[PDB]
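Below is one structure, written out as structure tokens; comments come after it.
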Amino acid sequence: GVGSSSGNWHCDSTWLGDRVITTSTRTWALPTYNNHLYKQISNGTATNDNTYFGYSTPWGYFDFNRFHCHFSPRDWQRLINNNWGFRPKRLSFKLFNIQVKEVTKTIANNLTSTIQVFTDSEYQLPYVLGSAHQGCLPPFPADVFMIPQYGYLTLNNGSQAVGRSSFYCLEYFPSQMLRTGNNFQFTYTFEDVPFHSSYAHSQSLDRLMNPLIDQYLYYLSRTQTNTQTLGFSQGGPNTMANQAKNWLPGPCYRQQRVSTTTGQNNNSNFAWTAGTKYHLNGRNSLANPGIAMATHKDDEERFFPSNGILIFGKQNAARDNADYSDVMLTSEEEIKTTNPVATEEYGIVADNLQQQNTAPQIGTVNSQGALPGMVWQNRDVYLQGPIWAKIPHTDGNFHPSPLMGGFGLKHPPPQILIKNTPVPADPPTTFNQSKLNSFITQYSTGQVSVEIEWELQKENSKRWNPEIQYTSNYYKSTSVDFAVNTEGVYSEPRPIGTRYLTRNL
Amino acid sequence: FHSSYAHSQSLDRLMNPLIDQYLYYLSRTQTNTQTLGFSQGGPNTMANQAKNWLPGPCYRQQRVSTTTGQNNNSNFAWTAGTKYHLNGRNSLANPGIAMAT
Amino acid sequence: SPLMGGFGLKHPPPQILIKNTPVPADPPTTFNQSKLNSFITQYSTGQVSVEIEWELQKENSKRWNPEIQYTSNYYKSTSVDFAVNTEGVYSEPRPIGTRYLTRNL
């Protein structure tokens with residue numbers, strides 16, 4: 221009905237046992253995108272690394288692939304201070320209280341206008357969620373947000389398409405059409421995904437041994453008396474670097490080190506030239522943030538990999554060339570215990586065969602793929618960070634955990650595509666075969682509810698001393714952190730990670 | 423199942439080409460003096476965007492042109508061949524791991 | 634017991650919060666991540682009903698002489714007390730307390 225609400229506001233979080241159910245409602249506004257048209261979009265030689276061919280669609284899409292879309296900062300604190308892990312279990316999504324409005333400036337209700345909503349439940353469309361794009365549900369529930377426009381990329385050769393390039397018409401899908409009295413809803417069940425490691429290791433991989441007992445294994449301790462010899466010693470509490478060990482640190486893809494103290498950096502523009510990159514079809518792309526590696530070693534917080542960390546912008550940070558004070562650098566220092574430092578070499582290997590005439594030579598391993606016995610931690614998730622990514626449908630993957638963090642899903646939450654149904658203006662009174670291009674200017678607004686049930690891994694720890702916990706600062710300040718200022722602007726002052734509790738290795 | 427299909431998307435082009443990323447990347451280190464400038468990955472800086480996946484493993488092979496005049500004038504099929512070493516024996520990594528030709 | 638008088642309640646009548654749901658004006662046709670600040674100017678009106686059931690303590694008094702009672706003044710006046718004036722303005726001319734009957738200590 222026109223005069224009856226099609227749904228209620230549901231923003232809440234219920235903690236019950238090993239589950240937390242976050243539900244969040246937001247008010248959205250969907251404009252008409254592209255003037256109801258599908259437009260081919262391209263970029264040519269811009270450098271070759273940035274070329275693309277794709278399509279802009281008249282459809283919007285709903286994104287809730289950030290943790291702050293579901294967790295309030297206090298709820299995030301509850302989660303990270305008390306749980307060793309968490310994972311999504313199921314979600315329910317609702318569209319309701321839809322209002323389609325005609326603008327001629334006067335804005336009027338168009339009671340008979342529709343919106344079209346469908347979920348790509350078969351994953352037949354290019355999945356553009358999981359690319360850390362803007363347009364997600366705002367962290368602050370009172371915030372009204374604009375629905376982002378759906379577009380996708382296909383195969384390109386410069387600015388040109390190839391024969392394998394795919395064009396998708398989203399109208400070629402079954403869509404529910406909704407008038408102002410209608411509502412849309414669907415439920416989704418997450419696949420069995422591993423718990424995110426919401427903990428930092430309280431032991432280092434090279435310090436898993438008893439510090440009081442010698443090893444019964446020997447290591448080559450000396451090769452020279459001086460003349461050649463072979464001396465063997467037992468690894469013990471003092472020669473702990475020489476001890477036989479069962480495991481290796483995770484893989485390494487070395488990144489350039491950048492200091493937040495700019496005077497310590499090289500006086501050159503090396504963000505791209507020295508950037509750590511991968512090469513794909515003659516195109517260079519940053520390995521950003523790349524594989525999960527420790528941001529820095531001990532007492533080197535000022536250092537970060539050049540493109541090896543998630544960088545969030547503070548409120549009102551510039552899109553381009555934001556200063557360091559306008560951005561929020563994350564740090565994966567919690568995984569120092571298992572993952573190699575992002576800006577350091579993995580290790581040292583022999584580069585030759587030493588003889589009595591040739592001294593042994595060593596090679597510095599700046600990139601190390603998977604080795605047996607290697608263990609590693611994934612990148613941390615953040616309150617502002619992504620939740621899930623679609624695992625690409627390929628023959629093979631290795632540890633398909635998304636590199637910007639979160640849960641890798643073969644069948645992620647489906648894309649929810651929404652569009653204002655075009656309403657033609659008055660057509661001519663004589664028939665014209667040409668497609669109509671005169672449309673009533675129109676936009677829709679409504680409420681969107683997303684409810685996610687998360688399973689929790691409770692910490693079962695015998696640690697005696699108190700743990701590190703995320704806490705708000707006790708000292709006075711002009712404004713409350715994670716609140717609005719005097720102008721009503723909600724801001725997130727820092728990126729809250731997830732690893733505060735500790736586990737043994 | 424054998425993948426009897428080719429991907430119509432590239433791994434570095436899985437993002438929405440209309441929306442900026444909320445993540446920032448180090449875009450400049452020099453103003459000139461040292462500085463730290465950060466930009467949001469977008470439709471134009473698509474090579475700089477944060478991405479979730481990496482291309483498959485690589486074991487680089489020497490490039491040979493079917494236009495023989497473009498090849499080096501030497502017999503390098505074996506000497507420049509991409510090989511693995513096993514028990515002091517060299518064998519070609521033939522055809523080796525699946526990489527784009 | 635509340636100092637300005639009345640009933641002290643651990644769980645008082647809950648606050649009833651009401652808000653007009655924001656209705657955005659027409660958004661731009663190109664995506665902008667910024668929160669919308671252009672809204673349709675809007676207000677709501679309606680009726681509110683509150684029904685309270687009160688329990689009474691009846692006076693059970695053996696006092697012989699008449700009690701003090703709250704009464705309106707009998708003498709003539711320009712306007713009726715606790716009524717509207719010629720301009721339609723309702724006014725309460727005095728604060729009416731509650732303690733008129735008597736009890737022994």
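Same order as they appear, the protein sequences are chains B, 1 and 0. The first sequence runs 221 to 265, 269 to 327, 333 to 453, 459 to 738 under the authors' numbering. The second sequence runs 423 to 453, 459 to 528 under the authors' numbering. Under the authors' numbering, the third sequence has 652 at position 19, and the numbering climbs by one with no breaks. We put the CB at the ideal spot given by N, CA and C, even for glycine.
Check: So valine 491 (chain B) packs on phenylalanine 465 (chain 1), CB below 8 Å; how close in whole Å?; Outcome: So it is not a contact: roughly 11 Å between Cβ atoms.
Check: What does the Cβ neighbour count give for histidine 512 (chain 1), buried or exposed, with the cut at 16 atoms within 10 Å?; Outcome: exposed
Check: Helix or strand or just coil, what does DSSP make of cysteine 364 (chain B)?; Outcome: strand
Check: Have a look at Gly541 (chain B), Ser449 (chain B) and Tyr253 (chain B) and flag the residue whose alpha-carbon is nearest the alpha-carbon of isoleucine 524 (chain B).; Outcome: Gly541 (chain B)
Check: Quick check on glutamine 377 (chain B) - is its C-beta less than 7 Å from some C-beta in chain 0?; Outcome: yes
Check: What residues of chain B sit near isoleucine 524 (chain 1), judged by a beta carbon separation below 9 Å?; Outcome: What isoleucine 524 (chain 1) touches in chain B: nothing, since even the nearest Cβ is about 10 Å away.
Check: Note down the Cα distance separating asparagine 585 (chain B) from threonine 494 (chain 1), rounded to an integer number of angstroms.; Outcome: 37 Å
Check: Considering only C-alpha positions, which residue in the set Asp434 (chain B), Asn471 (chain B) and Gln476 (chain B) is nearest to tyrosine 444 (chain B)?; Outcome: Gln476 (chain B)
Check: Kindly list the residues whose CB is nearer than 8 Å to the CB of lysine 510 (chain 1), restricted to its own chain and excluding five residues on each side of it in sequence; keep chain order.; Outcome: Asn517, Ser518, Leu519 and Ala520
Check: Let's see if you can read the secondary structure: which residues bound the beta strand (DSSP E) around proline 439 (chain B)?; Outcome: From DSSP, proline 439 (chain B) is part of no beta strand (DSSP E); its letter is neither H nor E.
Check: Along chain B, which residues have their Cβ under 7 Å away from the Cβ of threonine 662 (chain 0)?; Outcome: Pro251, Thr252 and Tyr253
Check: Look up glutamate 567 (chain B) in the DSSP assignment and say whether it is helix, strand or coil.; Outcome: helix
Check: Verify the CB distance criterion: does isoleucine 673 (chain B) have a CB-CB separation below 7 Å to chain 0?; Outcome: no
Check: Please classify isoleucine 649 (chain 0) as buried or exposed, where buried requires at least 16 neighbouring CB atoms within 10 angstroms.; Outcome: exposed
Check: Relative to chain B, which residues along the segment 642 to 666 of chain 0 have a C-beta separation below 8 Å, given in chain order?; Outcome: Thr654, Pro655, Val656, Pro657, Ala658, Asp659, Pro660, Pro661, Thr662, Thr663, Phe664, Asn665 and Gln666
Check: Counting C-beta neighbours from all protein chains within 10 Å, is the total for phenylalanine 309 (chain B) 16 or more, i.e. buried, or is it exposed?; Outcome: buried
Check: Since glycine 464 (chain B) sits in a beta bridge, which residues does DSSP pair it with?; Outcome: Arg450 (chain B)
Check: Counting only Cβ pairs nearer than 7 Å, list the residues of chain B close to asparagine 479 (chain 1).; Outcome: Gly358, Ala622, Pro635, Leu636 and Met637
Check: Report the three-state DSSP secondary structure of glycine 308 (chain B) (helix, strand or coil).; Outcome: strand
Check: Closest by CA to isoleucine 581 (chain B), which one among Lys569 (chain B), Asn572 (chain B), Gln594 (chain B) and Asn590 (chain B)?; Outcome: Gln594 (chain B)
Check: Would you say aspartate 298 (chain B) faces chain 1, with C-beta separation under 7 Å as the test?; Outcome: no
Check: Is the shortest distance between the beta-carbon of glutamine 690 (chain B) and the beta-carbons of chain 0 less than 7 Å?; Outcome: no
Check: May I ask you to list, following chain order, the residues of the segment 333 to 360 of chain B that have a beta carbon less than 7 Å from some beta carbon of chain 0?; Outcome: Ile335
Check: Taking the alpha carbon of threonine 654 (chain B) as the point to measure from, which residue in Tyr733 (chain B), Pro647 (chain B) and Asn338 (chain B) has its own alpha carbon closest?; Outcome: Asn338 (chain B)
Check: Do you know whose CA, among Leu433 (chain B), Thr327 (chain B) and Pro633 (chain B), lies nearest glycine 483 (chain B)'s CA?; Outcome: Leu433 (chain B)
Check: Sort out for me which residues DSSP pairs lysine 652 (chain B) with in a bridge.; Outcome: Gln344 (chain B)
Check: Taking only beta-carbon positions, decide if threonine 462 (chain 1) is within less than 7 Å of chain B.; Outcome: yes
Check: Just reading off the beta strand (DSSP E) that residue 740 (chain B) is part of, what are its end residues?; Outcome: One cannot answer for residue 740 (chain B) here, as it falls past the ends of chain B, which runs 221 to 738.
Check: Can you tell me which of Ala551 (chain B), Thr342 (chain B), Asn263 (chain B) and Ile729 (chain B) puts its alpha carbon nearest to the alpha carbon of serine 705 (chain B)?; Outcome: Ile729 (chain B)
Check: Helix or strand or just coil, what does DSSP make of residue 612 (chain 0)?; Outcome: The requested residue 612 (chain 0) does not occur in the structure, where chain 0 is confined to residues 634 to 738.
Check: Indicate whether at least one CB of chain B lies closer than 7 Å to the CB of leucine 738 (chain 0).; Outcome: no
Check: Would you mind telling me which residues of chain 0 sit closer than 7 Å to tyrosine 676 (chain B), beta carbon to beta carbon, in chain order?; Outcome: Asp659 and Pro660
Check: Is the segment 366 to 376 of chain B in contact with the segment 715 to 727 of chain B, if contact means three or more CB pairs nearer than 8 Å?; Outcome: yes
Check: Determine the closest residue to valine 683 (chain B) out of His293 (chain B), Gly515 (chain B) and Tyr275 (chain B), with distance taken between C-alpha atoms.; Outcome: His293 (chain B)
Check: Contact check, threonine 570 (chain B) vs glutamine 467 (chain B) under 8 Å by CB: the rounded distance?; Outcome: About 25 Å; that fails the 8 Å criterion.
Check: Classify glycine 277 (chain B): buried if its beta carbon has 16 or more other beta carbons within 10 angstroms, exposed otherwise.; Outcome: buried
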